[PDB]
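What follows is the content of protein08.pdb, which has PDB, C-alpha atoms:
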```pdb
ATOM      1  CA  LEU I 447      32.986  49.893 -69.503  1.00  0.00           C
ATOM      2  CA  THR I 448      29.289  50.328 -68.783  1.00  0.00           C
ATOM      3  CA  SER I 449      29.835  48.689 -65.407  1.00  0.00           C
ATOM      4  CA  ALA I 450      32.770  50.987 -64.657  1.00  0.00           C
ATOM      5  CA  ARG I 451      30.914  54.148 -65.647  1.00  0.00           C
ATOM      6  CA  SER I 452      28.037  52.862 -63.528  1.00  0.00           C
ATOM      7  CA  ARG I 453      30.405  52.471 -60.589  1.00  0.00           C
ATOM      8  CA  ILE I 454      31.288  56.112 -61.177  1.00  0.00           C
ATOM      9  CA  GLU I 455      27.710  57.374 -61.654  1.00  0.00           C
ATOM     10  CA  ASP I 456      25.555  55.133 -59.431  1.00  0.00           C
ATOM     11  CA  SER I 457      25.293  55.749 -55.706  1.00  0.00           C
ATOM     12  CA  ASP I 458      24.061  54.212 -52.451  1.00  0.00           C
ATOM     13  CA  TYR I 459      20.335  54.837 -52.479  1.00  0.00           C
ATOM     14  CA  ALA I 460      20.626  53.906 -48.795  1.00  0.00           C
ATOM     15  CA  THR I 461      23.230  56.591 -48.062  1.00  0.00           C
ATOM     16  CA  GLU I 462      21.207  59.260 -49.837  1.00  0.00           C
ATOM     17  CA  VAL I 463      18.065  58.204 -47.976  1.00  0.00           C
ATOM     18  CA  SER I 464      19.951  58.446 -44.683  1.00  0.00           C
ATOM     19  CA  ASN I 465      21.173  61.948 -45.454  1.00  0.00           C
ATOM     20  CA  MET I 466      17.670  63.037 -46.413  1.00  0.00           C
ATOM     21  CA  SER I 467      16.221  61.503 -43.255  1.00  0.00           C
ATOM     22  CA  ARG I 468      18.595  63.524 -41.098  1.00  0.00           C
ATOM     23  CA  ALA I 469      17.941  66.709 -43.078  1.00  0.00           C
ATOM     24  CA  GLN I 470      14.164  66.233 -42.912  1.00  0.00           C
ATOM     25  CA  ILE I 471      14.176  65.750 -39.159  1.00  0.00           C
ATOM     26  CA  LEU I 472      16.357  68.839 -38.793  1.00  0.00           C
ATOM     27  CA  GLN I 473      14.141  71.089 -40.933  1.00  0.00           C
ATOM     28  CA  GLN I 474      10.954  70.755 -38.877  1.00  0.00           C
ATOM     29  CA  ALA I 475      12.974  71.422 -35.737  1.00  0.00           C
ATOM     30  CA  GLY I 476      14.361  74.571 -37.309  1.00  0.00           C
ATOM     31  CA  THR I 477      10.917  75.854 -38.235  1.00  0.00           C
ATOM     32  CA  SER I 478       9.509  75.173 -34.774  1.00  0.00           C
ATOM     33  CA  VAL I 479      12.403  76.769 -32.902  1.00  0.00           C
ATOM     34  CA  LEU I 480      12.219  79.830 -35.146  1.00  0.00           C
ATOM     35  CA  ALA I 481       8.565  80.111 -34.181  1.00  0.00           C
ATOM     36  CA  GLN I 482       9.483  79.789 -30.514  1.00  0.00           C
ATOM     37  CA  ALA I 483      12.362  82.268 -30.794  1.00  0.00           C
ATOM     38  CA  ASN I 484       9.969  84.968 -31.932  1.00  0.00           C
ATOM     39  CA  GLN I 485       8.292  84.604 -28.529  1.00  0.00           C
ATOM     40  CA  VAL I 486      11.214  85.805 -26.392  1.00  0.00           C
ATOM     41  CA  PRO I 487      10.835  89.450 -27.479  1.00  0.00           C
ATOM     42  CA  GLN I 488       7.085  89.146 -26.970  1.00  0.00           C
ATOM     43  CA  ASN I 489       7.583  88.139 -23.348  1.00  0.00           C
ATOM     44  CA  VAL I 490      10.103  90.899 -22.744  1.00  0.00           C
ATOM     45  CA  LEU I 491       7.388  93.256 -23.976  1.00  0.00           C
ATOM     46  CA  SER I 492       4.941  91.606 -21.586  1.00  0.00           C
ATOM     47  CA  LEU I 493       7.420  92.479 -18.852  1.00  0.00           C
ATOM     48  CA  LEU I 494       7.577  96.028 -20.194  1.00  0.00           C
ATOM     49  CA  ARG I 495       3.803  96.511 -19.960  1.00  0.00           C
TER      50      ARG I 495
ATOM     51  CA  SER D  11       3.151  67.899 -38.635  1.00  0.00           C
ATOM     52  CA  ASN D  12       4.261  64.939 -36.532  1.00  0.00           C
ATOM     53  CA  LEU D  13       2.260  62.197 -38.171  1.00  0.00           C
ATOM     54  CA  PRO D  14       3.351  63.493 -41.615  1.00  0.00           C
ATOM     55  CA  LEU D  15       7.014  63.300 -40.714  1.00  0.00           C
ATOM     56  CA  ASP D  16       6.163  59.901 -39.247  1.00  0.00           C
ATOM     57  CA  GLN D  17       4.711  58.299 -42.358  1.00  0.00           C
ATOM     58  CA  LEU D  18       7.496  59.702 -44.482  1.00  0.00           C
ATOM     59  CA  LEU D  19       9.925  58.294 -41.948  1.00  0.00           C
ATOM     60  CA  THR D  20       8.093  55.105 -42.761  1.00  0.00           C
ATOM     61  CA  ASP D  21       8.912  56.268 -46.302  1.00  0.00           C
ATOM     62  CA  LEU D  22      12.659  56.399 -45.697  1.00  0.00           C
ATOM     63  CA  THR D  23      11.925  52.944 -44.289  1.00  0.00           C
ATOM     64  CA  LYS D  24      10.134  51.635 -47.383  1.00  0.00           C
ATOM     65  CA  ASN D  25      12.851  52.780 -49.731  1.00  0.00           C
ATOM     66  CA  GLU D  26      15.132  50.893 -47.402  1.00  0.00           C
ATOM     67  CA  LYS D  27      12.695  48.105 -48.275  1.00  0.00           C
ATOM     68  CA  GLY D  28      13.586  49.365 -51.767  1.00  0.00           C
ATOM     69  CA  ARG D  29      17.115  48.464 -50.838  1.00  0.00           C
ATOM     70  CA  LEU D  30      15.862  44.980 -50.078  1.00  0.00           C
ATOM     71  CA  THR D  31      14.288  45.302 -53.530  1.00  0.00           C
ATOM     72  CA  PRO D  32      17.713  45.474 -55.224  1.00  0.00           C
ATOM     73  CA  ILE D  33      18.480  42.346 -53.230  1.00  0.00           C
ATOM     74  CA  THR D  34      15.308  40.687 -54.488  1.00  0.00           C
ATOM     75  CA  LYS D  35      16.026  41.738 -58.079  1.00  0.00           C
ATOM     76  CA  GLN D  36      19.392  40.007 -57.820  1.00  0.00           C
ATOM     77  CA  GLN D  37      17.813  36.877 -56.356  1.00  0.00           C
ATOM     78  CA  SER D  38      15.266  36.794 -59.182  1.00  0.00           C
ATOM     79  CA  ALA D  39      18.066  37.207 -61.711  1.00  0.00           C
ATOM     80  CA  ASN D  40      20.060  34.446 -60.026  1.00  0.00           C
ATOM     81  CA  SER D  41      17.128  32.034 -60.011  1.00  0.00           C
ATOM     82  CA  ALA D  42      16.663  32.780 -63.706  1.00  0.00           C
ATOM     83  CA  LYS D  43      20.320  32.054 -64.433  1.00  0.00           C
ATOM     84  CA  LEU D  44      20.115  28.795 -62.473  1.00  0.00           C
ATOM     85  CA  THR D  45      17.076  27.624 -64.426  1.00  0.00           C
ATOM     86  CA  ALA D  46      18.778  28.607 -67.680  1.00  0.00           C
ATOM     87  CA  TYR D  47      21.836  26.518 -66.828  1.00  0.00           C
ATOM     88  CA  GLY D  48      19.668  23.554 -65.855  1.00  0.00           C
ATOM     89  CA  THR D  49      17.668  23.505 -69.071  1.00  0.00           C
ATOM     90  CA  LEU D  50      20.912  23.938 -70.986  1.00  0.00           C
ATOM     91  CA  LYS D  51      22.199  20.844 -69.195  1.00  0.00           C
ATOM     92  CA  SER D  52      19.114  18.917 -70.278  1.00  0.00           C
TER      93      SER D  52
END
```
What is this structure when it is put down as structure tokens?
Amino acid sequence: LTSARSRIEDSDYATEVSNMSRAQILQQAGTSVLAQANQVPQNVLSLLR
Amino acid sequence: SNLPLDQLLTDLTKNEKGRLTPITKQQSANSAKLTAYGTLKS
């Protein structure tokens, strides 16, 4: 019964690590592109001048 | 920055080495069981 409950409550450390890897790589990208996206209005203002 | 995400990608790698570690725990357990059986045979 312990083994069965463990099958129900124990997961693939590998699968979780994979999901976190993908999420981590995505997050930095999101931050950087947000930073870049702020620039577009700035350049349209430069055009305004 | 980039080298940070790089050494924690090496971190996702070392917990995959920590997946090898389950494998090594089982091999240690199996060696122990083998030795136990052998001494029991003696």
Interface residues on chain D facing chain I, 7 Å, only C-alpha atoms, written as a list in words | residues 22, 26 and 29 of chain D
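The space separating CA of residue 19 (chain D) from CA of residue 473 (chain I) comes to 13.5 Å.
Going from CA of residue 43 (chain D) to CA of residue 24 (chain D) covers 27.9 Å.
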What is the distance between CA of residue 15 (chain D) and CA of residue 478 (chain I), in Å to one decimal?
-> 13.5 Å
